[PDB]
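> first chunk of the complex, coordinates as they sit in the assembly:
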Amino acid sequence: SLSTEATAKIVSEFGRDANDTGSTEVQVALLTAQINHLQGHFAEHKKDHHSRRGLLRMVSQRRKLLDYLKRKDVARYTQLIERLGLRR
């Protein structure tokens, strides 16, 4: 899983305050790095019974945590998905 220091850097990456942690920009980037850490676990492990309980729960759980940052702020949404490399 995503370690404490790695989360702390991503907070310090997009820190409006260096203490803010209500920045969805951070939070999008957290599950981004979290499941990119897990893409080596799920390209490895395919249909593992509860793959959606601990595999897709983060399919949708990353997905809808994007979905307000989807409809969040056009001046910043344009900037963020540029930096995060998001396809859409």
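Perfect, thanks for sending it. Numbering: from 1, shown residues only, chains lettered A, B, ... in the order given.
> okay, and the closest residue to residue A:88 other than its chain neighbours sits in which element?
In space, residue A:88 comes closest to residue A:81 once its chain neighbours are excluded; the distance is 7.6 Å by CB to CB, 6 or more residues apart in numbering. For every residue, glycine as well, the C-beta is placed using N, CA and C. Using DSSP states H and E, residue A:81 sits in helix A:74-84.
> which residues does that helix contact?
A:25, A:28, A:29, A:32, A:69, A:70, A:86, A:88 (CB atoms under 8 Å, 6 or more residues apart in numbering).
> ranking these by neighbours, who comes first?
residue A:28 (23 neighbours; other CB atoms under 10 Å).
> wait, that one sits on residue A:65?
Yes. The pair residue A:28 / residue A:65 is scored as a contact, 6.4 Å apart, by CB atoms under 8 Å.
> chain B should join the structure above:
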Amino acid sequence: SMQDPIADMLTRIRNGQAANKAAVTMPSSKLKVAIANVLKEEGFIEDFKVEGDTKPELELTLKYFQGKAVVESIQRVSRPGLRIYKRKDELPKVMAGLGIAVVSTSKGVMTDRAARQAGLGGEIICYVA
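Now chain B, sitting on the chains shown earlier:
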């Protein structure tokens, strides 16, 4: 989850009568006070006590008569899934006018018999009997 504070309010009034409570409290709204300042005036509650700074909380006093309750019925007409807008002629008569119907028109919140004398219709909130 929270689809209405008004239907929350009337049911908290409704369940408090049968529970024989003397004080029903809830977080307050601007529209909540505008209704609660009618039923004291119309004589269906005894006291409301709006308090709270970070978040206003309306605390009511239930009116009981001869041991039993006063609010014999409390309903909801314009629900959030289906709104009700009736003119001044289609204002109802709750329990043949013995009960009251809370209507909000452009002139604030009043009862229907006042709104007939105001001569202007609007949005019927609830039935109180």
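> CA atoms only for the helix holding residue A:81, dumped as CSV, please.
What follows is helix A:74-84, C-alpha atoms only, in CSV (Å, rounded to 0.1, in the frame of the first residue of the first chain):
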residue,chain,number,x,y,z
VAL,A,74,-12.5,24.5,-15.0
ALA,A,75,-9.4,26.7,-14.4
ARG,A,76,-8.0,24.0,-12.1
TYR,A,77,-9.4,20.8,-13.7
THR,A,78,-7.6,21.8,-16.9
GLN,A,79,-4.4,22.2,-14.9
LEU,A,80,-4.6,19.1,-12.8
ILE,A,81,-5.4,16.4,-15.4
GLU,A,82,-2.5,17.9,-17.4
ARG,A,83,-0.1,17.4,-14.5
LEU,A,84,-1.6,14.0,-13.5
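> check which residues of it are buried.
A:80, A:81 (16 or more other CB atoms under 10 Å in any protein chain shown).
> let's put chain C on the structure above:
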Amino acid sequence: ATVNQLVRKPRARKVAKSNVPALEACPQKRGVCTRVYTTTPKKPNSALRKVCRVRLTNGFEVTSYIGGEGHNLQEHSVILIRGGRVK
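Same chains as before, plus chain C:
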């Protein structure tokens, strides 16, 4: 019964049919006798019910009960039916 479902789909009032379709919404229809015979009824009653197989105006081939007691009916005869089931 939610009104959104009522918006997306109206209340389908059930459509009823006639039990006497061969008249095709007429009071009486002309017919031609095809076979005149008797028929035993179902269990609670025991009789020989006089009855005739009828070719109609519209080509329908139906059976129709002979009321009363005794008749002068032949095959190839012109009759007239009013309706009503026999139980």
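> and the buried residues of helix A:74-84, now that chain C is part of it?
Quick answer for helix A:74-84 (16+ other CB under 10 Å): A:80, A:81.
> and the residue of chain C found nearest chain B, what does it touch?
Here chain C gets closest to chain B at one residue, residue C:3, 6.0 Å apart by CB to the nearest CB. Counting by CB atoms under 8 Å, 6 or more residues apart in numbering or on different chains, residue C:3 makes contact with B:81, B:82.
> walk me through the domains of chain B.
Listed by CATH domains of a matching chain, the domain ranges of chain B are B:1-71, B:72-129.
> mind putting those in a markdown table, mean neighbour count and distance to residue A:54 included?
As requested, these are exported to a markdown table (neighbours: other CB atoms under 10 Å in any protein chain shown; distance: least, CB to CB, whole Å):
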| stretch | mean neighbour count | distance to residue A:54 |
| --- | --- | --- |
| domain B:1-71 | 15 | 27 |
| domain B:72-129 | 16 | 37 |
